[PDB]
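Source file: model_16.cif (mmCIF, N, CA and C atoms and all ligand atoms)
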```cif
data_start
loop_
_atom_site.label_atom_id
_atom_site.label_comp_id
_atom_site.auth_asym_id
_atom_site.auth_seq_id
_atom_site.Cartn_x
_atom_site.Cartn_y
_atom_site.Cartn_z
N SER A 7 44.53 11.98 63.62
CA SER A 7 45.97 12.20 63.58
C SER A 7 46.40 12.83 62.22
N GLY A 8 47.61 13.37 62.16
CA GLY A 8 48.11 13.98 60.94
C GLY A 8 49.11 15.09 61.21
N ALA A 9 49.98 15.35 60.24
CA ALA A 9 51.00 16.40 60.40
C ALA A 9 51.32 17.11 59.08
N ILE A 10 51.87 18.34 59.16
CA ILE A 10 52.34 19.09 57.99
C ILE A 10 53.87 18.91 57.93
N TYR A 11 54.43 18.60 56.75
CA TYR A 11 55.88 18.44 56.62
C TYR A 11 56.43 19.47 55.64
N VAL A 12 57.02 20.54 56.17
CA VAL A 12 57.54 21.62 55.33
C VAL A 12 58.98 21.88 55.70
N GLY A 13 59.90 21.74 54.74
CA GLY A 13 61.32 21.93 55.01
C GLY A 13 61.80 20.93 56.04
N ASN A 14 62.47 21.39 57.12
CA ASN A 14 62.88 20.48 58.16
C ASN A 14 61.99 20.66 59.41
N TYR A 15 60.68 20.87 59.20
CA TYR A 15 59.70 21.06 60.28
C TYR A 15 58.52 20.07 60.15
N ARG A 16 57.99 19.63 61.29
CA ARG A 16 56.82 18.76 61.41
C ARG A 16 55.85 19.55 62.27
N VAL A 17 54.67 19.88 61.74
CA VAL A 17 53.69 20.65 62.48
C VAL A 17 52.55 19.73 62.87
N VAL A 18 52.25 19.63 64.16
CA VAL A 18 51.17 18.76 64.64
C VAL A 18 50.31 19.53 65.65
N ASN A 19 49.15 18.93 66.05
CA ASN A 19 48.34 19.41 67.15
C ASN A 19 49.21 19.21 68.41
N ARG A 20 49.31 20.24 69.24
CA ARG A 20 50.11 20.17 70.45
C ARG A 20 49.62 19.06 71.36
N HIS A 21 48.28 18.87 71.47
CA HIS A 21 47.69 17.81 72.31
C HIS A 21 47.99 16.39 71.81
N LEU A 22 48.40 16.23 70.56
CA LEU A 22 48.76 14.93 70.01
C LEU A 22 50.30 14.76 69.84
N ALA A 23 51.12 15.73 70.28
CA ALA A 23 52.57 15.65 70.11
C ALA A 23 53.14 14.41 70.84
N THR A 24 53.88 13.57 70.11
CA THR A 24 54.46 12.33 70.64
C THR A 24 55.67 12.64 71.56
N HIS A 25 56.25 11.59 72.18
CA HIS A 25 57.42 11.75 73.01
C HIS A 25 58.62 12.24 72.16
N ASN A 26 58.80 11.68 70.97
CA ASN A 26 59.87 12.10 70.06
C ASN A 26 59.80 13.61 69.70
N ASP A 27 58.58 14.20 69.60
CA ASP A 27 58.35 15.63 69.28
C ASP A 27 58.89 16.62 70.32
N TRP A 28 58.60 16.41 71.61
CA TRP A 28 59.06 17.32 72.66
C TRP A 28 60.58 17.33 72.82
N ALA A 29 61.22 16.17 72.57
CA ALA A 29 62.68 16.02 72.61
C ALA A 29 63.38 16.66 71.39
N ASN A 30 62.62 17.28 70.46
CA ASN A 30 63.10 17.95 69.25
C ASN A 30 62.25 19.21 68.96
N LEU A 31 61.85 19.91 70.01
CA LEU A 31 61.01 21.10 69.92
C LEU A 31 61.67 22.31 69.24
N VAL A 32 60.92 23.00 68.35
CA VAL A 32 61.29 24.25 67.70
C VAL A 32 60.39 25.36 68.33
N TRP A 33 59.05 25.14 68.32
CA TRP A 33 58.11 26.11 68.84
C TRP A 33 56.77 25.44 69.21
N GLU A 34 56.10 25.95 70.24
CA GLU A 34 54.79 25.44 70.62
C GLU A 34 53.96 26.56 71.23
N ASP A 35 52.64 26.53 71.00
CA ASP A 35 51.75 27.51 71.59
C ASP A 35 50.46 26.79 72.04
N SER A 36 50.30 26.59 73.36
CA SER A 36 49.11 25.93 73.92
C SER A 36 47.83 26.67 73.50
N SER A 37 47.87 28.01 73.50
CA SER A 37 46.69 28.81 73.11
C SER A 37 46.31 28.61 71.61
N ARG A 38 47.18 28.04 70.79
CA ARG A 38 46.88 27.74 69.38
C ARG A 38 46.75 26.22 69.09
N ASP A 39 46.99 25.35 70.11
CA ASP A 39 47.01 23.88 69.96
C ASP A 39 48.05 23.52 68.87
N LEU A 40 49.20 24.25 68.79
CA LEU A 40 50.21 23.90 67.78
C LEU A 40 51.56 23.54 68.41
N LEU A 41 52.29 22.65 67.75
CA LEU A 41 53.64 22.25 68.13
C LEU A 41 54.40 21.98 66.84
N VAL A 42 55.64 22.48 66.76
CA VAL A 42 56.50 22.28 65.60
C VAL A 42 57.78 21.58 66.11
N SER A 43 58.17 20.48 65.45
CA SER A 43 59.40 19.78 65.83
C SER A 43 60.34 19.66 64.61
N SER A 44 61.66 19.57 64.84
CA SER A 44 62.62 19.47 63.73
C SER A 44 62.66 18.06 63.16
N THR A 45 62.89 17.93 61.85
CA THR A 45 62.97 16.62 61.21
C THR A 45 64.33 16.45 60.51
N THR A 46 64.80 15.21 60.35
CA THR A 46 66.06 14.95 59.67
C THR A 46 65.90 15.03 58.15
N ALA A 47 64.74 14.60 57.65
CA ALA A 47 64.45 14.58 56.22
C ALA A 47 63.55 15.73 55.81
N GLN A 48 63.86 16.31 54.65
CA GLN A 48 63.09 17.46 54.12
C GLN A 48 61.67 17.07 53.68
N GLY A 49 60.69 17.89 54.03
CA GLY A 49 59.28 17.73 53.71
C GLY A 49 58.91 18.44 52.43
N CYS A 50 57.72 18.15 51.89
CA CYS A 50 57.32 18.68 50.59
C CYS A 50 56.03 19.52 50.58
N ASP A 51 55.41 19.76 51.75
CA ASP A 51 54.19 20.57 51.79
C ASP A 51 54.56 22.04 51.57
N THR A 52 53.71 22.74 50.88
CA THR A 52 53.86 24.17 50.67
C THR A 52 52.81 24.87 51.56
N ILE A 53 53.20 25.84 52.40
CA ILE A 53 52.23 26.57 53.22
C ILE A 53 51.59 27.68 52.35
N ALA A 54 50.28 27.89 52.48
CA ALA A 54 49.59 28.95 51.75
C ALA A 54 49.92 30.32 52.37
N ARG A 55 50.05 31.36 51.56
CA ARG A 55 50.29 32.72 52.07
C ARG A 55 49.26 33.54 51.36
N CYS A 56 48.05 33.58 51.94
CA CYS A 56 46.85 34.13 51.32
C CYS A 56 45.78 34.46 52.39
N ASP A 57 44.60 34.97 51.94
CA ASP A 57 43.46 35.16 52.85
C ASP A 57 42.20 34.40 52.32
N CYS A 58 42.42 33.25 51.60
CA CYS A 58 41.35 32.35 51.13
C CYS A 58 40.41 31.99 52.30
N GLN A 59 39.12 31.93 52.03
CA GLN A 59 38.14 31.48 53.01
C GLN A 59 37.34 30.25 52.50
N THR A 60 37.83 29.60 51.40
CA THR A 60 37.28 28.38 50.83
C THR A 60 38.47 27.46 50.57
N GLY A 61 38.20 26.18 50.77
CA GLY A 61 39.24 25.15 50.66
C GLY A 61 38.67 23.74 50.74
N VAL A 62 39.53 22.74 50.93
CA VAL A 62 39.18 21.32 51.05
C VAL A 62 39.90 20.75 52.29
N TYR A 63 39.18 20.02 53.15
CA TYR A 63 39.82 19.38 54.30
C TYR A 63 39.68 17.86 54.27
N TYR A 64 40.62 17.14 54.91
CA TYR A 64 40.54 15.70 54.99
C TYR A 64 39.85 15.28 56.28
N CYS A 65 38.82 14.42 56.18
CA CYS A 65 38.08 13.92 57.33
C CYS A 65 38.31 12.42 57.50
N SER A 66 39.20 12.03 58.42
CA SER A 66 39.53 10.63 58.60
C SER A 66 38.33 9.75 59.02
N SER A 67 37.42 10.27 59.88
CA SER A 67 36.20 9.58 60.33
C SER A 67 35.18 9.29 59.18
N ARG A 68 35.40 9.86 57.99
CA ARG A 68 34.57 9.54 56.82
C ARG A 68 35.41 9.07 55.62
N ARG A 69 36.75 9.02 55.75
CA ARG A 69 37.70 8.69 54.67
C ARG A 69 37.41 9.56 53.42
N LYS A 70 37.05 10.84 53.63
CA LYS A 70 36.65 11.75 52.56
C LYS A 70 37.24 13.15 52.70
N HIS A 71 37.40 13.83 51.56
CA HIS A 71 37.88 15.21 51.47
C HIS A 71 36.65 16.04 51.17
N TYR A 72 36.35 17.02 52.02
CA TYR A 72 35.16 17.85 51.81
C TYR A 72 35.52 19.32 51.46
N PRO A 73 34.81 19.92 50.51
CA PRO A 73 35.01 21.36 50.25
C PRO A 73 34.29 22.18 51.33
N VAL A 74 34.93 23.23 51.85
CA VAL A 74 34.33 24.07 52.90
C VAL A 74 34.62 25.56 52.70
N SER A 75 33.73 26.40 53.28
CA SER A 75 33.84 27.84 53.50
C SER A 75 34.24 27.90 54.96
N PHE A 76 35.24 28.68 55.31
CA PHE A 76 35.69 28.77 56.70
C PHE A 76 35.91 30.23 57.13
N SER A 77 35.71 30.56 58.42
CA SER A 77 35.86 31.93 58.91
C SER A 77 37.37 32.36 58.99
N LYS A 78 37.64 33.66 59.16
CA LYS A 78 39.01 34.15 59.29
C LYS A 78 39.57 33.76 60.69
N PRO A 79 40.89 33.53 60.82
CA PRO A 79 41.47 33.14 62.14
C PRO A 79 41.04 34.08 63.27
N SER A 80 40.53 33.51 64.36
CA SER A 80 39.96 34.28 65.46
C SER A 80 40.15 33.62 66.83
N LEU A 81 39.85 34.36 67.91
CA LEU A 81 39.93 33.91 69.30
C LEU A 81 38.55 33.31 69.61
N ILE A 82 38.47 31.97 69.72
CA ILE A 82 37.21 31.23 69.89
C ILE A 82 37.20 30.39 71.17
N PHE A 83 36.09 30.45 71.92
CA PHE A 83 35.95 29.65 73.14
C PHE A 83 35.81 28.16 72.81
N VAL A 84 36.67 27.35 73.41
CA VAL A 84 36.69 25.91 73.18
C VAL A 84 36.42 25.22 74.52
N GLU A 85 35.35 24.42 74.57
CA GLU A 85 34.87 23.68 75.75
C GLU A 85 35.99 22.81 76.35
N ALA A 86 35.96 22.59 77.68
CA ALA A 86 36.94 21.73 78.35
C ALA A 86 36.94 20.31 77.76
N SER A 87 38.11 19.67 77.70
CA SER A 87 38.27 18.29 77.22
C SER A 87 39.33 17.58 78.10
N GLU A 88 39.74 16.35 77.72
CA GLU A 88 40.78 15.65 78.47
C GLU A 88 42.19 16.25 78.21
N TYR A 89 42.31 17.17 77.24
CA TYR A 89 43.56 17.78 76.82
C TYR A 89 43.77 19.21 77.31
N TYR A 90 42.69 19.98 77.46
CA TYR A 90 42.78 21.36 77.92
C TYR A 90 41.60 21.68 78.80
N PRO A 91 41.77 22.58 79.78
CA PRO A 91 40.57 23.10 80.48
C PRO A 91 39.79 24.04 79.52
N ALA A 92 38.60 24.52 79.93
CA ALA A 92 37.82 25.44 79.10
C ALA A 92 38.64 26.72 78.86
N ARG A 93 38.85 27.11 77.59
CA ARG A 93 39.70 28.26 77.31
C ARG A 93 39.41 28.90 75.94
N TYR A 94 40.05 30.05 75.63
CA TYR A 94 39.96 30.64 74.30
C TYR A 94 41.15 30.15 73.52
N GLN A 95 40.90 29.62 72.32
CA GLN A 95 41.97 29.21 71.44
C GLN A 95 42.08 30.30 70.36
N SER A 96 43.30 30.80 70.11
CA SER A 96 43.53 31.85 69.11
C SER A 96 43.88 31.26 67.74
N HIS A 97 43.74 32.07 66.67
CA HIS A 97 44.06 31.69 65.28
C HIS A 97 43.22 30.47 64.78
N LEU A 98 42.01 30.36 65.31
CA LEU A 98 41.08 29.28 65.00
C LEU A 98 40.06 29.72 63.93
N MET A 99 39.81 28.83 62.97
CA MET A 99 38.86 29.06 61.89
C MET A 99 37.78 27.98 61.92
N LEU A 100 36.50 28.36 61.85
CA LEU A 100 35.40 27.39 61.87
C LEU A 100 34.75 27.25 60.52
N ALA A 101 34.22 26.04 60.27
CA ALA A 101 33.48 25.63 59.07
C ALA A 101 32.32 24.68 59.48
N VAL A 102 31.26 24.64 58.68
CA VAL A 102 30.17 23.70 58.88
C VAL A 102 30.68 22.43 58.18
N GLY A 103 30.89 21.39 58.95
CA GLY A 103 31.40 20.13 58.43
C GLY A 103 31.48 19.08 59.51
N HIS A 104 31.57 17.80 59.11
CA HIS A 104 31.69 16.73 60.08
C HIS A 104 33.12 16.60 60.61
N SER A 105 33.23 16.35 61.90
CA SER A 105 34.51 16.08 62.56
C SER A 105 34.23 15.36 63.89
N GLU A 106 35.16 14.50 64.32
CA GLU A 106 35.18 13.72 65.57
C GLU A 106 36.61 13.82 66.16
N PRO A 107 36.86 13.63 67.48
CA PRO A 107 38.22 13.87 68.03
C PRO A 107 39.44 13.31 67.24
N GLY A 108 39.34 12.06 66.80
CA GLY A 108 40.36 11.42 65.98
C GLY A 108 40.63 12.10 64.64
N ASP A 109 39.83 13.11 64.28
CA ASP A 109 40.04 13.87 63.04
C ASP A 109 41.12 14.96 63.12
N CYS A 110 41.58 15.34 64.34
CA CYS A 110 42.63 16.39 64.45
C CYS A 110 43.87 15.96 63.66
N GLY A 111 44.54 16.90 63.00
CA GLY A 111 45.70 16.57 62.19
C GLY A 111 45.39 16.57 60.71
N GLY A 112 44.11 16.37 60.34
CA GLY A 112 43.70 16.43 58.94
C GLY A 112 43.99 17.79 58.31
N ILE A 113 44.60 17.81 57.11
CA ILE A 113 44.97 19.06 56.47
C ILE A 113 43.79 19.80 55.79
N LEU A 114 43.81 21.13 55.91
CA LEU A 114 42.91 22.03 55.20
C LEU A 114 43.79 22.74 54.11
N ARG A 115 43.30 22.71 52.87
CA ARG A 115 44.10 23.27 51.75
C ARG A 115 43.26 24.13 50.80
N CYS A 116 43.89 25.16 50.23
CA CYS A 116 43.27 26.02 49.24
C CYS A 116 44.18 25.87 47.95
N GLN A 117 43.91 26.67 46.91
CA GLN A 117 44.75 26.69 45.70
C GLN A 117 46.22 27.10 45.94
N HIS A 118 46.57 27.69 47.09
CA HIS A 118 47.93 28.14 47.38
C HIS A 118 48.76 27.19 48.26
N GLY A 119 48.11 26.18 48.84
CA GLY A 119 48.80 25.20 49.67
C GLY A 119 48.06 24.88 50.95
N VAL A 120 48.83 24.53 51.98
CA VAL A 120 48.31 24.20 53.31
C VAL A 120 47.90 25.45 54.08
N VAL A 121 46.64 25.49 54.51
CA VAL A 121 46.06 26.58 55.29
C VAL A 121 46.21 26.28 56.80
N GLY A 122 45.94 25.03 57.18
CA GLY A 122 46.05 24.63 58.58
C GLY A 122 45.65 23.18 58.79
N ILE A 123 45.40 22.80 60.05
CA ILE A 123 45.05 21.41 60.40
C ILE A 123 43.84 21.41 61.31
N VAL A 124 43.01 20.32 61.25
CA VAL A 124 41.84 20.15 62.13
C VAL A 124 42.33 20.20 63.57
N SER A 125 41.67 20.99 64.39
CA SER A 125 42.05 21.14 65.79
C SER A 125 40.88 21.02 66.76
N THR A 126 39.69 21.47 66.34
CA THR A 126 38.46 21.44 67.16
C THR A 126 37.24 20.90 66.32
N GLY A 127 36.11 20.68 67.00
CA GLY A 127 34.88 20.28 66.34
C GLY A 127 33.73 20.09 67.30
N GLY A 128 32.66 19.52 66.78
CA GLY A 128 31.48 19.20 67.59
C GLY A 128 30.29 19.99 67.12
N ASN A 129 29.10 19.37 67.16
CA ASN A 129 27.82 19.95 66.78
C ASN A 129 27.68 20.26 65.27
N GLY A 130 28.31 19.44 64.43
CA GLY A 130 28.27 19.67 62.99
C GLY A 130 29.23 20.77 62.52
N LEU A 131 30.18 21.12 63.35
CA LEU A 131 31.22 22.09 63.03
C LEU A 131 32.59 21.40 63.09
N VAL A 132 33.58 22.05 62.47
CA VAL A 132 34.97 21.65 62.45
C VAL A 132 35.80 22.95 62.52
N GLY A 133 36.79 22.96 63.39
CA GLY A 133 37.70 24.06 63.59
C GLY A 133 39.11 23.68 63.15
N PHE A 134 39.81 24.64 62.50
CA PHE A 134 41.16 24.48 61.96
C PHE A 134 42.14 25.50 62.57
N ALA A 135 43.31 25.03 62.99
CA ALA A 135 44.34 25.89 63.54
C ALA A 135 45.11 26.47 62.33
N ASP A 136 44.99 27.78 62.09
CA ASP A 136 45.69 28.46 60.99
C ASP A 136 47.22 28.41 61.14
N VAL A 137 47.94 28.14 60.05
CA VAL A 137 49.41 28.17 60.05
C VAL A 137 49.96 29.23 59.00
N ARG A 138 49.07 29.94 58.24
CA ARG A 138 49.49 30.89 57.19
C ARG A 138 50.30 32.13 57.67
N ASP A 139 50.18 32.48 58.95
CA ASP A 139 50.92 33.61 59.53
C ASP A 139 52.35 33.21 59.98
N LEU A 140 52.65 31.89 60.08
CA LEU A 140 53.95 31.39 60.54
C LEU A 140 54.93 31.43 59.36
N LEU A 141 55.34 32.66 58.98
CA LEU A 141 56.22 32.90 57.83
C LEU A 141 57.56 32.21 57.94
N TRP A 142 58.06 32.05 59.16
CA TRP A 142 59.35 31.40 59.39
C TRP A 142 59.38 29.95 58.94
N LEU A 143 58.21 29.29 58.82
CA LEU A 143 58.13 27.90 58.36
C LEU A 143 58.77 27.69 56.98
N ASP A 144 58.84 28.76 56.15
CA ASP A 144 59.44 28.78 54.81
C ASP A 144 60.96 28.90 54.81
N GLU A 145 61.60 29.11 55.98
CA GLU A 145 63.05 29.31 55.97
C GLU A 145 63.79 28.70 57.16
N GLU A 146 65.07 28.37 56.96
CA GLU A 146 65.93 27.84 58.06
C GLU A 146 67.36 27.71 57.52
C1 LIG B 1 37.86 17.39 65.64
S1 LIG B 1 37.93 17.62 67.43
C2 LIG B 1 36.33 17.14 67.98
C3 LIG B 1 35.27 16.85 67.11
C4 LIG B 1 34.01 16.61 67.62
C5 LIG B 1 33.78 16.67 68.98
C6 LIG B 1 34.82 16.94 69.84
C7 LIG B 1 36.12 17.15 69.37
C8 LIG B 1 37.25 17.33 70.36
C9 LIG B 1 37.74 18.76 70.44
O1 LIG B 1 37.15 19.66 69.86
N1 LIG B 1 38.84 18.99 71.19
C10 LIG B 1 39.56 17.96 71.96
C11 LIG B 1 41.05 18.07 71.71
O2 LIG B 1 41.52 19.40 71.97
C12 LIG B 1 40.90 20.36 71.10
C13 LIG B 1 41.50 21.75 71.29
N2 LIG B 1 42.21 22.25 70.28
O3 LIG B 1 41.32 22.35 72.35
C14 LIG B 1 39.39 20.35 71.32
ZN ZN B 2 44.78 30.46 49.44
#
```
Is it possible to give me this structure as structure tokens?
Ligand SMILES: CSc1ccccc1CC(=O)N1CCO[C@H](C(N)=O)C1
Ligand SMILES: [Zn+2]
Amino acid sequence: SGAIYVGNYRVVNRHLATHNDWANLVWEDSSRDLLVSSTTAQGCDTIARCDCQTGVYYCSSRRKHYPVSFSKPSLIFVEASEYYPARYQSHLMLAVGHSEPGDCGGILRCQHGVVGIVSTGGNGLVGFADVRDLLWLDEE
């Protein structure tokens, strides 16, 4: 679990969006596993606006922050699960690292801020849903 809090927005994995989130929807994209909901209180996360391919992610299943090299956002095939049928997920970045289902929501960060959140994994890999292209997150 985990979320990004920037301005009056809460960014979470779409598959983990609570009942309170859909009743306050701003934007969602199933093909990106992302959902953004409005918040009453202002958040303090800064979104990165860069093309960094190295960063640090939080892994809840190990209670540890790991440094990683990650690929550029891409259209990647993601195996069927209890949340989605087998499909291509867009704006996905992969890294060699540990992850388990309960790890989605963990933040990936570089020297410029929040890059994205854990969204996929398996086989000694971890996938992150990129948020750096969502320029509107900086304004309202
Ligand atoms: C850190 S996720 C993980 C890790 C190890 C093994 C398996 C998983 C689960 C996983 O990859 N998915 C289930 C939830 O929906 C995801 C999606 N964005 O389509 C995909
Ligand atoms: Zn950066």
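Around the point (45.8, 24.6, 78.7), within 7 Å and counting only N, CA and C atoms, we find these residues: residues 36, 37, 89, 90 and 91 of chain A.
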> Do you know which residues are at most 5 Å from residue 40 (chain A) counting all atoms listed in the file, after dropping those on the same chain fewer than 2 positions away, and could you put them as a ChimeraX atom specification?
Replying inline: /A:18-20,34-35,38,42
> Hey, what's within 9 Å of residue 45 (chain A) if we count only C-alpha atoms and toss same-chain stuff fewer than 6 positions away? As a PyMOL selection string, please?
Replying inline: chain A and resi 11+13-16+30
>> Residues contacting ligand ZN 2 (chain B) - anything with an atom at most 6 Å away, using only C-alpha atoms and all ligand atoms - can you give me those as an MDAnalysis selection string?
In response: chainID A and resid 54 56:58 116:118
Restricted to N, CA and C atoms, what would the selected residues look like written as a CSV table (one decimal), in the frame of the given file?
```csv
chain,number,residue,atom,x,y,z
A,54,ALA,N,50.3,27.9,52.5
A,54,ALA,CA,49.6,29.0,51.8
A,54,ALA,C,49.9,30.3,52.4
A,56,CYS,N,48.0,33.6,51.9
A,56,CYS,CA,46.8,34.1,51.3
A,56,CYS,C,45.8,34.5,52.4
A,57,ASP,N,44.6,35.0,51.9
A,57,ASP,CA,43.5,35.2,52.8
A,57,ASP,C,42.2,34.4,52.3
A,58,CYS,N,42.4,33.2,51.6
A,58,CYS,CA,41.4,32.4,51.1
A,58,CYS,C,40.4,32.0,52.3
A,116,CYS,N,43.9,25.2,50.2
A,116,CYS,CA,43.3,26.0,49.2
A,116,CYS,C,44.2,25.9,48.0
A,117,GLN,N,43.9,26.7,46.9
A,117,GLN,CA,44.8,26.7,45.7
A,117,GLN,C,46.2,27.1,45.9
A,118,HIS,N,46.6,27.7,47.1
A,118,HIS,CA,47.9,28.1,47.4
A,118,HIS,C,48.8,27.2,48.3
```
>> From a backbone DSSP assignment, name each residue in region 16-142 of chain A labelled strand (DSSP E), as an NGL selection string.
In response: :A and (16-19 or 31-35 or 40-50 or 60-65 or 70-75 or 80-84 or 93-102 or 113-116 or 119-127 or 131-136)
